[PDB]
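Structure data follow from run_3.pdb (PDB, N, CA and C atoms and all ligand atoms):
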ATOM      1  N   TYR A 200     -38.128  70.315   1.105
ATOM      2  CA  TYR A 200     -39.266  69.424   1.271
ATOM      3  C   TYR A 200     -39.299  68.926   2.708
ATOM      4  N   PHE A 201     -40.458  69.053   3.351
ATOM      5  CA  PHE A 201     -40.659  68.569   4.710
ATOM      6  C   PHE A 201     -41.329  67.204   4.625
ATOM      7  N   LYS A 202     -40.603  66.166   5.020
ATOM      8  CA  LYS A 202     -41.063  64.790   4.907
ATOM      9  C   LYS A 202     -41.513  64.291   6.271
ATOM     10  N   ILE A 203     -42.722  63.740   6.325
ATOM     11  CA  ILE A 203     -43.292  63.186   7.544
ATOM     12  C   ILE A 203     -43.607  61.722   7.281
ATOM     13  N   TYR A 204     -42.957  60.837   8.033
ATOM     14  CA  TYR A 204     -43.253  59.413   8.036
ATOM     15  C   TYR A 204     -43.951  59.065   9.343
ATOM     16  N   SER A 205     -44.868  58.101   9.291
ATOM     17  CA  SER A 205     -45.710  57.802  10.437
ATOM     18  C   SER A 205     -45.912  56.300  10.578
ATOM     19  N   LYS A 206     -46.289  55.903  11.793
ATOM     20  CA  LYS A 206     -46.714  54.540  12.078
ATOM     21  C   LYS A 206     -47.501  54.542  13.380
ATOM     22  N   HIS A 207     -48.469  53.631  13.469
ATOM     23  CA  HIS A 207     -49.299  53.468  14.653
ATOM     24  C   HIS A 207     -49.306  51.999  15.047
ATOM     25  N   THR A 208     -49.170  51.735  16.349
ATOM     26  CA  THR A 208     -49.106  50.373  16.852
ATOM     27  C   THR A 208     -49.910  50.228  18.139
ATOM     28  N   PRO A 209     -50.568  49.077  18.340
ATOM     29  CA  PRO A 209     -51.205  48.812  19.636
ATOM     30  C   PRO A 209     -50.257  48.132  20.609
ATOM     31  N   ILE A 210     -50.183  48.646  21.836
ATOM     32  CA  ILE A 210     -49.294  48.125  22.864
ATOM     33  C   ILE A 210     -50.072  48.014  24.168
ATOM     34  N   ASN A 211     -49.459  47.352  25.148
ATOM     35  CA  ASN A 211     -50.049  47.210  26.476
ATOM     36  C   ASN A 211     -48.987  47.370  27.555
ATOM     37  N   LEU A 212     -48.103  48.350  27.396
ATOM     38  CA  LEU A 212     -47.075  48.621  28.388
ATOM     39  C   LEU A 212     -47.536  49.723  29.339
ATOM     40  N   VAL A 213     -46.743  49.946  30.384
ATOM     41  CA  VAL A 213     -47.036  50.947  31.403
ATOM     42  C   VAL A 213     -46.060  52.118  31.327
ATOM     43  N   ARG A 214     -44.758  51.832  31.284
ATOM     44  CA  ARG A 214     -43.751  52.887  31.162
ATOM     45  C   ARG A 214     -42.500  52.260  30.552
ATOM     46  N   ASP A 215     -42.306  52.478  29.254
ATOM     47  CA  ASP A 215     -41.084  52.090  28.559
ATOM     48  C   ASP A 215     -41.229  52.483  27.097
ATOM     49  N   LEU A 216     -40.095  52.551  26.406
ATOM     50  CA  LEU A 216     -40.099  52.610  24.952
ATOM     51  C   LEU A 216     -40.077  51.173  24.443
ATOM     52  N   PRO A 217     -41.213  50.626  24.010
ATOM     53  CA  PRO A 217     -41.283  49.176  23.787
ATOM     54  C   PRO A 217     -40.297  48.714  22.727
ATOM     55  N   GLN A 218     -39.734  47.530  22.951
ATOM     56  CA  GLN A 218     -38.842  46.923  21.979
ATOM     57  C   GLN A 218     -39.655  46.366  20.813
ATOM     58  N   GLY A 219     -38.972  45.673  19.918
ATOM     59  CA  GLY A 219     -39.581  45.128  18.723
ATOM     60  C   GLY A 219     -39.126  45.879  17.485
ATOM     61  N   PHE A 220     -39.853  45.650  16.395
ATOM     62  CA  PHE A 220     -39.513  46.245  15.114
ATOM     63  C   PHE A 220     -40.781  46.739  14.435
ATOM     64  N   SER A 221     -40.699  47.923  13.832
ATOM     65  CA  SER A 221     -41.829  48.485  13.095
ATOM     66  C   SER A 221     -41.300  49.561  12.162
ATOM     67  N   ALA A 222     -41.434  49.340  10.856
ATOM     68  CA  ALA A 222     -40.966  50.304   9.871
ATOM     69  C   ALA A 222     -42.039  51.355   9.621
ATOM     70  N   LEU A 223     -41.640  52.624   9.662
ATOM     71  CA  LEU A 223     -42.578  53.724   9.488
ATOM     72  C   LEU A 223     -42.829  53.972   8.008
ATOM     73  N   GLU A 224     -44.103  54.104   7.641
ATOM     74  CA  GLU A 224     -44.407  54.341   6.236
ATOM     75  C   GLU A 224     -44.507  55.841   5.966
ATOM     76  N   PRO A 225     -44.078  56.320   4.798
ATOM     77  CA  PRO A 225     -44.195  57.756   4.521
ATOM     78  C   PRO A 225     -45.638  58.216   4.635
ATOM     79  N   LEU A 226     -45.820  59.405   5.205
ATOM     80  CA  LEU A 226     -47.142  59.985   5.395
ATOM     81  C   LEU A 226     -47.397  61.166   4.473
ATOM     82  N   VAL A 227     -46.437  62.079   4.330
ATOM     83  CA  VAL A 227     -46.619  63.236   3.459
ATOM     84  C   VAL A 227     -45.260  63.843   3.150
ATOM     85  N   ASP A 228     -45.188  64.584   2.042
ATOM     86  CA  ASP A 228     -43.975  65.285   1.612
ATOM     87  C   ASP A 228     -44.410  66.680   1.166
ATOM     88  N   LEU A 229     -44.383  67.623   2.099
ATOM     89  CA  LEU A 229     -44.912  68.961   1.858
ATOM     90  C   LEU A 229     -43.848  69.845   1.212
ATOM     91  N   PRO A 230     -44.169  70.556   0.120
ATOM     92  CA  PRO A 230     -43.200  71.492  -0.491
ATOM     93  C   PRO A 230     -43.208  72.858   0.190
ATOM     94  N   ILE A 231     -42.522  72.936   1.326
ATOM     95  CA  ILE A 231     -42.539  74.144   2.147
ATOM     96  C   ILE A 231     -41.383  75.071   1.799
ATOM     97  N   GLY A 232     -40.169  74.538   1.723
ATOM     98  CA  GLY A 232     -39.017  75.360   1.398
ATOM     99  C   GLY A 232     -38.677  76.402   2.442
ATOM    100  N   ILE A 233     -38.696  76.026   3.720
ATOM    101  CA  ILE A 233     -38.335  76.919   4.810
ATOM    102  C   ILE A 233     -37.110  76.350   5.520
ATOM    103  N   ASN A 234     -36.505  77.182   6.361
ATOM    104  CA  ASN A 234     -35.339  76.803   7.151
ATOM    105  C   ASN A 234     -35.815  76.451   8.556
ATOM    106  N   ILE A 235     -35.715  75.174   8.915
ATOM    107  CA  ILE A 235     -36.136  74.684  10.222
ATOM    108  C   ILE A 235     -34.894  74.348  11.032
ATOM    109  N   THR A 236     -34.819  74.887  12.249
ATOM    110  CA  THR A 236     -33.716  74.611  13.159
ATOM    111  C   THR A 236     -34.157  74.262  14.570
ATOM    112  N   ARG A 237     -35.400  74.545  14.949
ATOM    113  CA  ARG A 237     -35.896  74.251  16.284
ATOM    114  C   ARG A 237     -37.354  73.834  16.173
ATOM    115  N   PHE A 238     -37.820  73.087  17.170
ATOM    116  CA  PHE A 238     -39.187  72.589  17.152
ATOM    117  C   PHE A 238     -39.668  72.374  18.581
ATOM    118  N   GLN A 239     -40.984  72.231  18.718
ATOM    119  CA  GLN A 239     -41.620  72.070  20.016
ATOM    120  C   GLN A 239     -42.890  71.251  19.845
ATOM    121  N   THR A 240     -43.332  70.626  20.932
ATOM    122  CA  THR A 240     -44.558  69.841  20.938
ATOM    123  C   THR A 240     -45.699  70.629  21.575
ATOM    124  N   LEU A 241     -46.917  70.138  21.357
ATOM    125  CA  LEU A 241     -48.132  70.773  21.854
ATOM    126  C   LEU A 241     -49.023  69.698  22.456
ATOM    127  N   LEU A 242     -49.227  69.771  23.769
ATOM    128  CA  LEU A 242     -50.004  68.796  24.514
ATOM    129  C   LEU A 242     -51.390  69.356  24.828
ATOM    130  N   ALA A 243     -52.186  68.555  25.532
ATOM    131  CA  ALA A 243     -53.519  68.944  25.965
ATOM    132  C   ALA A 243     -53.637  68.749  27.469
ATOM    133  N   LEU A 244     -54.445  69.598  28.098
ATOM    134  CA  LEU A 244     -54.656  69.562  29.537
ATOM    135  C   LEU A 244     -56.148  69.505  29.829
ATOM    136  N   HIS A 245     -56.478  68.976  31.003
ATOM    137  CA  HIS A 245     -57.856  68.781  31.424
ATOM    138  C   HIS A 245     -58.247  69.858  32.427
ATOM    139  N   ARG A 246     -59.496  70.313  32.343
ATOM    140  CA  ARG A 246     -60.007  71.329  33.250
ATOM    141  C   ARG A 246     -61.471  71.042  33.541
ATOM    142  N   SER A 247     -61.936  71.531  34.686
ATOM    143  CA  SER A 247     -63.329  71.361  35.087
ATOM    144  C   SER A 247     -63.638  72.193  36.327
TER     145      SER A 247
ATOM    146  N   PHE B 497     -67.045 105.902 -16.341
ATOM    147  CA  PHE B 497     -67.329 105.186 -17.577
ATOM    148  C   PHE B 497     -68.821 105.205 -17.887
ATOM    149  N   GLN B 498     -69.142 105.319 -19.169
ATOM    150  CA  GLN B 498     -70.505 105.358 -19.673
ATOM    151  C   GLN B 498     -70.671 104.313 -20.764
ATOM    152  N   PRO B 499     -71.905 103.874 -21.028
ATOM    153  CA  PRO B 499     -72.104 102.877 -22.093
ATOM    154  C   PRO B 499     -71.650 103.351 -23.461
ATOM    155  N   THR B 500     -71.729 104.654 -23.738
ATOM    156  CA  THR B 500     -71.367 105.206 -25.039
ATOM    157  C   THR B 500     -69.893 105.588 -25.127
ATOM    158  N   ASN B 501     -69.035 104.951 -24.337
ATOM    159  CA  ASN B 501     -67.618 105.286 -24.346
ATOM    160  C   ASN B 501     -66.994 104.967 -25.699
ATOM    161  N   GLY B 502     -65.996 105.766 -26.072
ATOM    162  CA  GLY B 502     -65.203 105.454 -27.240
ATOM    163  C   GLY B 502     -64.251 104.303 -26.983
ATOM    164  N   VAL B 503     -63.700 103.765 -28.073
ATOM    165  CA  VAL B 503     -62.811 102.612 -27.955
ATOM    166  C   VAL B 503     -61.634 102.938 -27.045
ATOM    167  N   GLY B 504     -61.050 104.126 -27.205
ATOM    168  CA  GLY B 504     -59.946 104.515 -26.344
ATOM    169  C   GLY B 504     -60.370 104.716 -24.902
ATOM    170  N   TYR B 505     -61.530 105.334 -24.690
ATOM    171  CA  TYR B 505     -62.013 105.647 -23.352
ATOM    172  C   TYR B 505     -62.826 104.513 -22.734
ATOM    173  N   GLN B 506     -63.136 103.467 -23.495
ATOM    174  CA  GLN B 506     -63.891 102.353 -22.950
ATOM    175  C   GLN B 506     -63.067 101.625 -21.887
ATOM    176  N   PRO B 507     -63.720 101.050 -20.879
ATOM    177  CA  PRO B 507     -62.974 100.377 -19.813
ATOM    178  C   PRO B 507     -62.282  99.116 -20.308
ATOM    179  N   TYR B 508     -61.163  98.799 -19.663
ATOM    180  CA  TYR B 508     -60.370  97.619 -19.974
ATOM    181  C   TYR B 508     -59.890  96.999 -18.672
ATOM    182  N   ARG B 509     -60.116  95.697 -18.523
ATOM    183  CA  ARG B 509     -59.628  94.950 -17.373
ATOM    184  C   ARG B 509     -58.232  94.430 -17.681
ATOM    185  N   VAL B 510     -57.309  94.611 -16.734
ATOM    186  CA  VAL B 510     -55.909  94.242 -16.904
ATOM    187  C   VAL B 510     -55.495  93.364 -15.731
ATOM    188  N   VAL B 511     -54.800  92.268 -16.030
ATOM    189  CA  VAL B 511     -54.247  91.376 -15.017
ATOM    190  C   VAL B 511     -52.817  91.035 -15.415
ATOM    191  N   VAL B 512     -51.874  91.287 -14.513
ATOM    192  CA  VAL B 512     -50.465  90.982 -14.730
ATOM    193  C   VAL B 512     -50.114  89.780 -13.866
ATOM    194  N   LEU B 513     -49.621  88.718 -14.502
ATOM    195  CA  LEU B 513     -49.229  87.488 -13.826
ATOM    196  C   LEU B 513     -47.707  87.434 -13.815
ATOM    197  N   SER B 514     -47.121  87.524 -12.625
ATOM    198  CA  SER B 514     -45.678  87.470 -12.440
ATOM    199  C   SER B 514     -45.307  86.134 -11.814
ATOM    200  N   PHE B 515     -44.318  85.464 -12.395
ATOM    201  CA  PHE B 515     -43.886  84.150 -11.938
ATOM    202  C   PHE B 515     -42.625  84.309 -11.097
ATOM    203  N   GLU B 516     -42.661  83.799  -9.869
ATOM    204  CA  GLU B 516     -41.541  83.882  -8.941
ATOM    205  C   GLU B 516     -40.970  82.486  -8.736
ATOM    206  N   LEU B 517     -39.672  82.340  -8.999
ATOM    207  CA  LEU B 517     -38.950  81.090  -8.816
ATOM    208  C   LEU B 517     -37.654  81.370  -8.071
ATOM    209  N   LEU B 518     -37.353  80.534  -7.083
ATOM    210  CA  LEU B 518     -36.125  80.676  -6.306
ATOM    211  C   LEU B 518     -35.414  79.334  -6.169
ATOM    212  N   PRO B 521     -38.416  74.965  -3.875
ATOM    213  CA  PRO B 521     -39.114  73.931  -4.648
ATOM    214  C   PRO B 521     -40.345  74.467  -5.370
ATOM    215  N   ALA B 522     -40.350  74.370  -6.698
ATOM    216  CA  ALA B 522     -41.479  74.861  -7.475
ATOM    217  C   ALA B 522     -42.759  74.147  -7.058
ATOM    218  N   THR B 523     -43.832  74.921  -6.896
ATOM    219  CA  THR B 523     -45.103  74.397  -6.414
ATOM    220  C   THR B 523     -46.187  74.331  -7.478
ATOM    221  N   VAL B 524     -46.207  75.264  -8.426
ATOM    222  CA  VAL B 524     -47.217  75.298  -9.477
ATOM    223  C   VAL B 524     -46.538  74.906 -10.783
ATOM    224  N   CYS B 525     -46.947  73.770 -11.341
ATOM    225  CA  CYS B 525     -46.376  73.213 -12.559
ATOM    226  C   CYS B 525     -47.431  73.211 -13.664
ATOM    227  N   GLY B 526     -47.066  72.638 -14.809
ATOM    228  CA  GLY B 526     -47.935  72.607 -15.962
ATOM    229  C   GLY B 526     -48.920  71.454 -15.940
ATOM    230  N   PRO B 527     -49.857  71.455 -16.893
ATOM    231  CA  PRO B 527     -50.913  70.425 -16.881
ATOM    232  C   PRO B 527     -50.389  69.001 -16.913
ATOM    233  N   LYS B 528     -49.304  68.740 -17.644
ATOM    234  CA  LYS B 528     -48.722  67.401 -17.734
ATOM    235  C   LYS B 528     -49.749  66.398 -18.270
ATOM    236  N   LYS B 529     -50.129  66.620 -19.527
ATOM    237  CA  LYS B 529     -51.094  65.752 -20.184
ATOM    238  C   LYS B 529     -50.600  64.305 -20.186
ATOM    239  N   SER B 530     -51.534  63.384 -20.429
ATOM    240  CA  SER B 530     -51.258  61.955 -20.381
ATOM    241  C   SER B 530     -51.846  61.291 -21.621
ATOM    242  N   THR B 531     -51.581  59.997 -21.761
ATOM    243  CA  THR B 531     -52.061  59.217 -22.896
ATOM    244  C   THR B 531     -52.698  57.936 -22.359
ATOM    245  N   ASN B 532     -53.017  57.016 -23.263
ATOM    246  CA  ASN B 532     -53.633  55.745 -22.911
ATOM    247  C   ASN B 532     -52.573  54.662 -22.744
ATOM    248  N   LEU B 533     -52.958  53.594 -22.052
ATOM    249  CA  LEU B 533     -52.058  52.487 -21.756
ATOM    250  C   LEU B 533     -52.271  51.357 -22.756
ATOM    251  N   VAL B 534     -51.174  50.850 -23.313
ATOM    252  CA  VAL B 534     -51.197  49.722 -24.236
ATOM    253  C   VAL B 534     -50.251  48.654 -23.709
ATOM    254  N   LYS B 535     -50.676  47.397 -23.801
ATOM    255  CA  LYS B 535     -49.954  46.275 -23.224
ATOM    256  C   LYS B 535     -49.590  45.263 -24.303
ATOM    257  N   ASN B 536     -48.567  44.461 -24.006
ATOM    258  CA  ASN B 536     -48.169  43.329 -24.838
ATOM    259  C   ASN B 536     -47.486  43.768 -26.131
ATOM    260  N   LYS B 537     -46.800  44.910 -26.106
ATOM    261  CA  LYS B 537     -46.048  45.382 -27.259
ATOM    262  C   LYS B 537     -44.815  46.127 -26.770
ATOM    263  N   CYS B 538     -43.740  46.057 -27.554
ATOM    264  CA  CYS B 538     -42.531  46.813 -27.237
ATOM    265  C   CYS B 538     -42.846  48.298 -27.359
ATOM    266  N   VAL B 539     -42.919  48.983 -26.220
ATOM    267  CA  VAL B 539     -43.401  50.354 -26.145
ATOM    268  C   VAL B 539     -42.392  51.196 -25.379
ATOM    269  N   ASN B 540     -42.229  52.446 -25.802
ATOM    270  CA  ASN B 540     -41.443  53.427 -25.063
ATOM    271  C   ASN B 540     -42.385  54.152 -24.108
ATOM    272  N   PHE B 541     -42.189  53.945 -22.808
ATOM    273  CA  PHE B 541     -43.124  54.402 -21.792
ATOM    274  C   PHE B 541     -42.470  55.430 -20.879
ATOM    275  N   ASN B 542     -43.298  56.345 -20.374
ATOM    276  CA  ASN B 542     -42.865  57.354 -19.411
ATOM    277  C   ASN B 542     -43.894  57.416 -18.291
ATOM    278  N   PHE B 543     -43.538  56.878 -17.128
ATOM    279  CA  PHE B 543     -44.394  56.880 -15.943
ATOM    280  C   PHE B 543     -43.778  57.821 -14.911
ATOM    281  N   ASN B 544     -44.358  59.011 -14.777
ATOM    282  CA  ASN B 544     -43.949  59.984 -13.768
ATOM    283  C   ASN B 544     -42.430  60.162 -13.760
ATOM    284  N   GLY B 545     -41.908  60.620 -14.898
ATOM    285  CA  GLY B 545     -40.492  60.865 -15.050
ATOM    286  C   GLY B 545     -39.644  59.633 -15.275
TER     287      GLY B 545
HETATM  288  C1  LIG C 601     -31.418  78.639   9.500
HETATM  289  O1  LIG C 601     -31.464  79.697  10.473
HETATM  290  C2  LIG C 601     -30.402  79.657  11.439
HETATM  291  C3  LIG C 601     -30.659  80.780  12.417
HETATM  292  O2  LIG C 601     -30.349  80.390  13.748
HETATM  293  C4  LIG C 601     -29.058  79.780  10.729
HETATM  294  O3  LIG C 601     -28.002  79.702  11.680
HETATM  295  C5  LIG C 601     -27.196  80.894  11.569
HETATM  296  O4  LIG C 601     -26.691  81.060  10.235
HETATM  297  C6  LIG C 601     -25.913  82.253  10.062
HETATM  298  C7  LIG C 601     -25.547  82.326   8.598
HETATM  299  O5  LIG C 601     -26.483  83.106   7.867
HETATM  300  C8  LIG C 601     -24.694  82.215  10.980
HETATM  301  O6  LIG C 601     -23.972  83.435  10.852
HETATM  302  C9  LIG C 601     -25.129  82.020  12.427
HETATM  303  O7  LIG C 601     -23.988  81.856  13.260
HETATM  304  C10 LIG C 601     -26.030  80.794  12.551
HETATM  305  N1  LIG C 601     -26.506  80.647  13.917
HETATM  306  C11 LIG C 601     -26.552  79.471  14.553
HETATM  307  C12 LIG C 601     -27.071  79.506  15.958
HETATM  308  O8  LIG C 601     -26.190  78.428  14.018
HETATM  309  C13 LIG C 601     -28.919  78.673   9.694
HETATM  310  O9  LIG C 601     -27.706  78.836   8.967
HETATM  311  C14 LIG C 601     -30.098  78.704   8.729
HETATM  312  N2  LIG C 601     -30.000  77.616   7.768
HETATM  313  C15 LIG C 601     -29.757  77.809   6.468
HETATM  314  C16 LIG C 601     -29.689  76.573   5.623
HETATM  315  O10 LIG C 601     -29.598  78.930   5.994
END
Go ahead and render the structure in this file as structure tokens.
Amino acid sequence: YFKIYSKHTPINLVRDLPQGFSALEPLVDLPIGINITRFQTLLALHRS
Amino acid sequence: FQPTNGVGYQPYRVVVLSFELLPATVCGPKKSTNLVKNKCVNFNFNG
């Protein structure tokens, strides 16, 4: 089972991992049944 | 196949359903009942 917990918060910082406390609520529990050992992120870029 | 086919030669549709298990994803209907309150009741809520 692939479990994803999530949380969203409004902040007004410039560069830091803000302190404080915030418990993440479960978002989804997908029945995938695969072997995960590596992962990567996907960003967006601007063009014109 | 023709409309006047015999019973043996008449067309037949066949579907074979094979169940593969090795987290199970497709389960049974899991019927339910009505809710009663204010009585000593044996209850089952999602296991
Ligand atoms: C998930 O896949 C990885 C593949 O990198 C497995 O890691 C290998 O597992 C085999 C056993 O089958 C070992 O012989 C290798 O030495 C392992 N390689 C590394 C880099 O660790 C991992 O075992 C798999 N996970 C599960 C639960 O099977």
Nearest to chain B, chosen from A:233, A:228, A:207, A:223, with all atoms listed in the file counted in the distances: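 Looking at the shortest contact to chain B, the residue is A:233.
Interface residues on chain B toward chain A (cut-off 10 Å, only C-alpha atoms): residues 518, 521, 522 and 523 of chain B.
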Sorted by chain and rising residue number, which residues of chain A lie within 6 Å of ligand LIG 601 (chain C), and what are their closest atom pairs and distances in Å to one decimal, counting all atoms listed in the file, as a tab-separated table?
residue	atom	partner	partner_atom	distance
A:234	CA	C:LIG601	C1	4.9
A:235	N	C:LIG601	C1	5.6
A:236	N	C:LIG601	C1	5.8
For the residues in that selection, give me N, CA and C atoms as a PDB file, in the coordinates of the input.
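Generated file (part04.pdb):
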ATOM      1  N   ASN A 234     -36.505  77.182   6.361  1.00  0.00           N
ATOM      2  CA  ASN A 234     -35.339  76.803   7.151  1.00  0.00           C
ATOM      3  C   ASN A 234     -35.815  76.451   8.556  1.00  0.00           C
ATOM      4  N   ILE A 235     -35.715  75.174   8.915  1.00  0.00           N
ATOM      5  CA  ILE A 235     -36.136  74.684  10.222  1.00  0.00           C
ATOM      6  C   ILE A 235     -34.894  74.348  11.032  1.00  0.00           C
ATOM      7  N   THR A 236     -34.819  74.887  12.249  1.00  0.00           N
ATOM      8  CA  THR A 236     -33.716  74.611  13.159  1.00  0.00           C
ATOM      9  C   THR A 236     -34.157  74.262  14.570  1.00  0.00           C
TER      10      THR A 236
END
Interatomic distance (Å, one decimal) between atom CA of residue B:529 and atom CA of residue B:545: 12.8 Å
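Between atom N of residue B:544 and atom N of residue A:205 there is a distance of 24.1 Å.
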Atom-to-atom span, atom CA of residue A:227 and atom CA of residue A:206, Å: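 Interatomic distance, atom CA of residue A:227 to atom CA of residue A:206: 12.2 Å.
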Strand (DSSP E) residues, from DSSP on the backbone, in chain A, as a list in words: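 The strand (DSSP E) residues within chain A come out as residues 201, 202, 203, 204, 205, 224, 225, 226, 227, 228 and 229 of chain A.
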For stretch 214-231 of chain A, take all atoms listed in the file, fit an axis-aligned box around them, add 4 Å to each of the six sides, then output centre and edge lengths in Å rounded to one decimal, as lines of an AutoDock Vina configuration file.
center_x = -43.1
center_y = 60.1
center_z = 15.4
size_x = 16.6
size_y = 37.9
size_z = 39.8
Residue members of the PyMOL selection byres (((chain A and resi 204) around 5) and not hetatm) in the file shown, as a PyMOL selection string: chain A and resi 202-203+205-206+224-226
